[PDB]
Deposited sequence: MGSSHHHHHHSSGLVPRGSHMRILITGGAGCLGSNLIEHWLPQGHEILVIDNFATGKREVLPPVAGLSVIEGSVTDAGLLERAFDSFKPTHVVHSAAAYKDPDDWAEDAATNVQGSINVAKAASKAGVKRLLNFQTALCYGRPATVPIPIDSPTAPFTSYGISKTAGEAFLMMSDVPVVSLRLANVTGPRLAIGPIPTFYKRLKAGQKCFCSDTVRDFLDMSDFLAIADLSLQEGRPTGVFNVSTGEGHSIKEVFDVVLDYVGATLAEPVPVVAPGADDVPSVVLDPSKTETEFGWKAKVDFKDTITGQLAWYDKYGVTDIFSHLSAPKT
């Protein structure tokens, strides 16, 4: 039915997560039909209200039968693979099961169901310790943590599908219900008058609105396929992040090593994504950090505030 001529029946694995839920808040108001499959390892049941257009199956991407049944009942036109395990770095079996096996299961099921487009999200940890920053899209994958290793094989399997597949390697996405990392940590701790530390690292940050726009483009029939970096292409230090928070909150911070497994600089080159999609990120660094903080002022550092009615 609606949007007229481009209604999506969208199967989102990992839909109770940060990215999934934001995507849902973006697409459900437009009239798309969404089915979520989540096991609530990190995702919250509170971000999926019983609203029209939205169905939820509590389940794993590792469960191939649950997937065949969901894909058969629902008949998606489009798939967003957003399920990832990561929370216990020593539980390699879970990471392999979710991130590799779950990806293979989503890919085989998608293929059989004849989906039009599949959208995967990749971690920049796939790049390990890069030789060239900003990291070019044709850089080698070189992970050295469980999450990086399993995610890297997951993506590589997806890229063997006959289903058209877009895999976006992402900058740290800021937006509603981000409750981990330096931004909420400095906000909370500065407001509490606690000592903060800045790792001497460079990272890149992406506003939710820019993530939403490349996600939209990625699911359009006929658009490019393959692996793509999603970023402004600009890097900012953790100290720089801390500086925006301090100023915003209204309150001499030490700058320290690079811990062992803490990659000194991670910034992605988006140029090929700009070329093939006509996409460019609009919101700059200060507006990106400030908008996350503004959200914390309204709802607090929480992952359970729903913008759905």
Hey, which stretches of the deposited sequence didn't make it into the model? 1-13, 265-268, 327-330
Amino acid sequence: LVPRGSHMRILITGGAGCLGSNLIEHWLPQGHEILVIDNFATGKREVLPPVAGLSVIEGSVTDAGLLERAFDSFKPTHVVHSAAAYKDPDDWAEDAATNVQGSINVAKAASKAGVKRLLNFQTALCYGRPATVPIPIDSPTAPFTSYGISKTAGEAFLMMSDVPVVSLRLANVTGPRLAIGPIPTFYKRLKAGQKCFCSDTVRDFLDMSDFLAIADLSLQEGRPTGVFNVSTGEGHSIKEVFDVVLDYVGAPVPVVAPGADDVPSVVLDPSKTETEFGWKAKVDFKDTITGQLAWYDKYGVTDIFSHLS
From here on, numbers count along this sequence of modelled residues.
Stretch with higher mean Cα temperature factor, 221-229 vs 67-75, is 67-75
What stretch has the higher average Cα B-factor here, 187-195 or 146-154? 187-195
Of the residues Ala113, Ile214, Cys126, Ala97, the one whose Cα carries the largest B-factor in the deposited record is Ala113
By the recorded C-alpha temperature factor, relative to the other modelled residues in its chain, which third is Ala52 in? highest
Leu268: CA B-factor among chain residues, third -> lowest
Rank-wise, by C-alpha B-factor, drop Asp210 into the lowest, middle or highest third of its chain. lowest
